[PDB]
Amino acid sequence: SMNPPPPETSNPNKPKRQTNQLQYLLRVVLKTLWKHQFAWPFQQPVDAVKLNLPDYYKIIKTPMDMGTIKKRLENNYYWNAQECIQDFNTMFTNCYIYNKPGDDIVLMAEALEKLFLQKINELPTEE
Ligand SMILES: Cc1cccc(CN2CCC(CNC(=O)CCCOc3cc(=O)n(C)c4ccccc34)CC2)c1
């Protein structure tokens, strides 16, 4: 019956960079998954109150979504590509932990994770 604070997308005392690899994570990886027919459940934080999922955040202590990831990239929040790659991996893992194999939401996540993997495979070497 209440959502937590969302993940921070802004922290002025966190040091930041805008690397070639971070630019690809935006213009290639996030863009690819964002436009997908299965992106919609992943485009903002889990609204456990409207979804009637009052255990979600009992179970899920590290929430992540592509709304967050997107703001983080657009805001220049990260130091490196690995922090961002972690965030996508977290989002996928959380889906798997909470739900049961073969639920529509897990197949959605599986499809996006496949594209994620195809895109990251070609992550450029730093400039
Ligand atoms: C009593 C009540 C209170 C509030 C709302 C409702 C109406 N409705 C009844 C139960 C219904 C449950 N529906 C589901 O689709 C839950 C399945 C798991 O869903 C997700 C699981 C998940 O991991 N993620 C990321 C999602 C992201 C977006 C949308 C859904 C999920 C949604 C709310 C009834």
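Atoms within each ligand, like the ligands themselves, are counted from 1 in listed order. Just so you know, residue 1 is the first one in the sequence shown, and it goes up from there.
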*Asks:* Please list the nearest protein heavy atom to atom 32 (C) of ligand 1 with its residue and the distance rounded to 0.1 Å.
*Replies:* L51 O, 3.3 Å
*Asks:* Assess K16 against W79: is NZ or CZ under 6.0 Å from the centre of the six-membered ring, and within 45 degrees of the ring's axis?
*Replies:*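 So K16 doesn't make the cation-pi contact.
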*Asks:* Does any N or O in the side chain of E122 come within less than 3.5 Å of the main-chain N or O of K119, such that one atom is a donor and the other an acceptor?
*Replies:*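 No, because the side chain of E122 does not come within donor-acceptor range (under 3.5 Å) of the backbone of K119.
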*Asks:* Quick one: does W40 get an N or O within less than 3.5 Å of an N or O on ligand 1?
*Replies:*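 No, since none of the N or O atoms of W40 sits under 3.5 Å from an N or O of ligand 1.
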*Asks:* Nearest to atom 26 (C) of ligand 1, what protein heavy atom do you find, and at what distance?
*Replies:* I105 CD1, 3.5 Å
*Asks:* Could you tell me whether atom 23 (O) of ligand 1 has at least one protein heavy atom nearer than 4.0 Å?
*Replies:*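 Neighbour list for atom 23 (O) of ligand 1 includes protein heavy atoms (cut-off 4.0 Å).
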*Asks:* Please state which option from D104, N99, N94, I59 has its nearest heavy atom closest to atom 21 (C) of ligand 1.
*Replies:*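 Comparing heavy atoms across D104, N99, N94, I59, the nearest one to atom 21 (C) of ligand 1 lies in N99.
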*Asks:* Which of the atoms of ligand 1 are close to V49, meaning less than 4.0 Å from one of its heavy atoms?
*Replies:*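 Within the 4.0 Å cut-off of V49, ligand 1 contributes 4 (C).
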*Asks:* Tell me, do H36 and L115 make a side-chain contact under 4.5 Å, heavy atoms counted?
*Replies:*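 When only atoms from C-beta onward are counted, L115 and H36 do touch, with a gap below 4.5 Å.
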*Asks:* Show me which atoms of ligand 1 lie under 4.0 Å from any heavy atom of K50.
*Replies:*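 Counting from 1, the qualifying ligand atoms are 5 (C), 33 (C).
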*Asks:* Ring of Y77, cation from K71 - is the NZ or CZ under 6.0 Å from the centre and inside 45° of the axis?
*Replies:* no
*Asks:* Would you mind checking which non-hydrogen protein atom is closest to atom 28 (C) of ligand 1, with the distance to 0.1 Å?
*Replies:* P41 CB, 3.4 Å
*Asks:* Is atom 5 (C) of ligand 1 close to the protein, meaning a heavy atom under 4.0 Å from it?
*Replies:* yes
*Asks:* Check for a donor-acceptor pair, side chain of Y24 on one end and backbone N or O of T19 on the other, with a separation under 3.5 Å.
*Replies:* no
*Asks:* List ligand 1 atoms under 4.0 Å from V46, heavy atoms only on the residue side.
*Replies:* 25 (C)
*Asks:* Could you label the plane-to-plane angle of the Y56 and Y98 rings as parallel, tilted or perpendicular, counting under 30° as parallel and over 60° as perpendicular?
*Replies:*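 It falls in the perpendicular class, over 60°.
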*Asks:* Protein non-hydrogen atoms only, distance under 4.0 Å: does atom 8 (N) of ligand 1 have such a neighbour?
*Replies:* no
*Asks:* Whether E110 and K114 form a salt bridge (side-chain N of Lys/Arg under 4.0 Å from carboxylate O of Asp/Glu) is what I want to check.
*Replies:*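 Salt bridge between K114 and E110, a charged N being under 4.0 Å from a carboxylate O: no.
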*Asks:* Checking a contact table here: which protein heavy atom is nearest atom 17 (C) of ligand 1, and how many Å away?
*Replies:*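 Among all protein heavy atoms, the one nearest atom 17 (C) of ligand 1 is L53 CD2, 4.6 Å.
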*Asks:* Among all protein heavy atoms, pick out the one at the shortest distance from atom 1 (C) of ligand 1; state its residue, atom name and that distance to 0.1 Å.
*Replies:*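 So the nearest neighbour among protein heavy atoms is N52 ND2, 3.7 Å.
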*Asks:* Classify the side-chain pair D87/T90 by whether it contains a donor and acceptor separated by less than 3.5 Å.
*Replies:* no
*Asks:* Can you tell me if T93 uses its side chain to pair, donor with acceptor, with the backbone of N89 under 3.5 Å?
*Replies:* yes
